[PDB]
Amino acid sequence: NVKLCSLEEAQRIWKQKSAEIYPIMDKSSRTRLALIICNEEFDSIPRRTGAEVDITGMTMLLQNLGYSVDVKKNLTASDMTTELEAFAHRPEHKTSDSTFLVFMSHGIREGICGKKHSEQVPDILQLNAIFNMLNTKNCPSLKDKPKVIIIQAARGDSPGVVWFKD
């Protein structure tokens, strides 16, 4: 479903910027990996409807962009941590040129809500933790490689409008 890049456009992009583009690996040998973590059903927060449509869409897109997609559902912050640490240690990254991480859940200012989250008992994955687990120390396989993190963490705290008259 993705509009393809022509070999002409590819060279045209490479001509406009010399060594300013991330190198891509051979299509036939590369092992691109992506991870989607979607929290739909919660202990104390309302059910996220449209999650299945969102998982489906993102999965199909990332595959069509060349990625193998792992899908994990309804995890606590502890489970997400374990899943992310495993993902960083995946052998496929060594023969990959990039990765995508997609988070779909509820959120707070600090981070992403796990399945067990409540105001009385927090279940939160910090944004800091995602970058830490995927950084150069913890994930040397993705060193010098682009790491795209997409976070949909729904907040009541979200901006936000101001009303005006013409």
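Numbering starts at 1 and follows the sequence shown.
Student: On mean C-alpha B-factor from the PDB entry, just flag whether 3 to 11 or 155 to 163 is the higher one.
Tutor: Here the higher of the two C-alpha B-factor means belongs to 3 to 11.
Student: For the C-alpha atoms alone, is the average B factor greater in 38 to 46 or in 56 to 64, going by the entry?
Tutor: For C-alpha atoms only, the mean B-factor is higher in 38 to 46.
Student: Tell me which of 142, 24, 19, 150 tops the list for C-alpha B factor in the record.
Tutor: Answer for 142, 24, 19, 150: 19, with the highest C-alpha B-factor.
Student: Taking the values straight from the PDB record, which of 31, 118, 105, 132 has the highest C-alpha temperature factor?
Tutor: That would be 118, according to the entry.
Student: Just say lowest, middle or highest third for the CA B-factor of residue 97 relative to the other modelled residues in its chain.
Tutor: Lowest third - that is where residue 97 ends up once the chain's C-alpha B-factors are sorted.
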